[PDB]
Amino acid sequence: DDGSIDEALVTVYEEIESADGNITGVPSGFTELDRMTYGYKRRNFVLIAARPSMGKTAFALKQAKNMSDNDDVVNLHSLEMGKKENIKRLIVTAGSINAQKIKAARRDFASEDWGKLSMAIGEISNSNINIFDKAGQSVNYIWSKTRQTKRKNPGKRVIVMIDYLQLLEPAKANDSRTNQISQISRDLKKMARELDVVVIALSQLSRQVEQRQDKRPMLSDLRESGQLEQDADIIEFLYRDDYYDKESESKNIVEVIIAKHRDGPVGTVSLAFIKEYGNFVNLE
């Protein structure tokens, strides 16, 4: 294994001729974000960070299903929620069913929504969404499962989604908190690279965001982590203006703020958020 660039040099040039304007990598399914990125690349470590109530989980699951629809394979590592809980959200979003009606009282509170439910259960059943809901998971643990998934899926690009990074078991229990998050971050990127997968980690943000006038997240908000902004190729913040100002002129808009982009443009992408369904609508 020398450092020969010859075979890489030809594949790069080949990809340039193939560059017709369509999405190369794995699509998020949000048109205008895929325009900026051209899809997630087999090596990418992407971070979705937001304060509570900005739509983070809904947004990640939306993506998960959108990628599943390209027939890519999604491994969701959900440390916060059980599979049951993830699956109900997936159903609610897919079939445009209401969460309270479904929550219980589906046996009565539901109309002719059963065609939707069976349509929705059909789609989730024939999807490439895996869920790993064990409360305690290290990157090592996730490494193991990603390979295991790779082996069981031939030519398929795997996407590793982590329901929130700061819940992961750090490698060294006695390390400082910052060092633990630093290690988790390095290892997640190494895993993305070494196994050749997209890693998508959800991340919380400092509550200090909210004792600012303008509560749009910035890169400095990733305080308690440090390493996190350095390792990620893509960092998408979510901000929902009408959580903060109740007569915002941006009612029901979630903006995806691309705060870091290694191989491309930064900027903001707005989406219409359908609260009741945990769905997102592309804007022009």
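In case it trips you up, residue 1 is the first one in the sequence shown, and so on.
For the pair 168-176 and 99-107, the mean B factor over Cα atoms is greater in 99-107. Legend: mean Cα B-factor per stretch from the PDB entry, 20-28 versus 261-269; the higher mean is in 20-28.
The PDB entry gives the largest Cα B-factor of the residues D163, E210, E194, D187 to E210.
Among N153, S182, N86, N140, the highest C-alpha B-factor recorded in the PDB entry belongs to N153. Among all modelled residues in its chain, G226 ranks in the highest third by Cα B-factor.
Among the modelled residues of the chain, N66 sits in the middle third by CA temperature factor in this PDB entry. In the deposited entry, the Cα temperature factor of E247 sits in the top third of values across the chain's modelled residues. For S206, the recorded CA B-factor ranks within the middle third of the chain. Only modelled residues enter the ranking. In this PDB entry, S78 carries a Cα temperature factor that places it within the lowest third of its chain's modelled residues.
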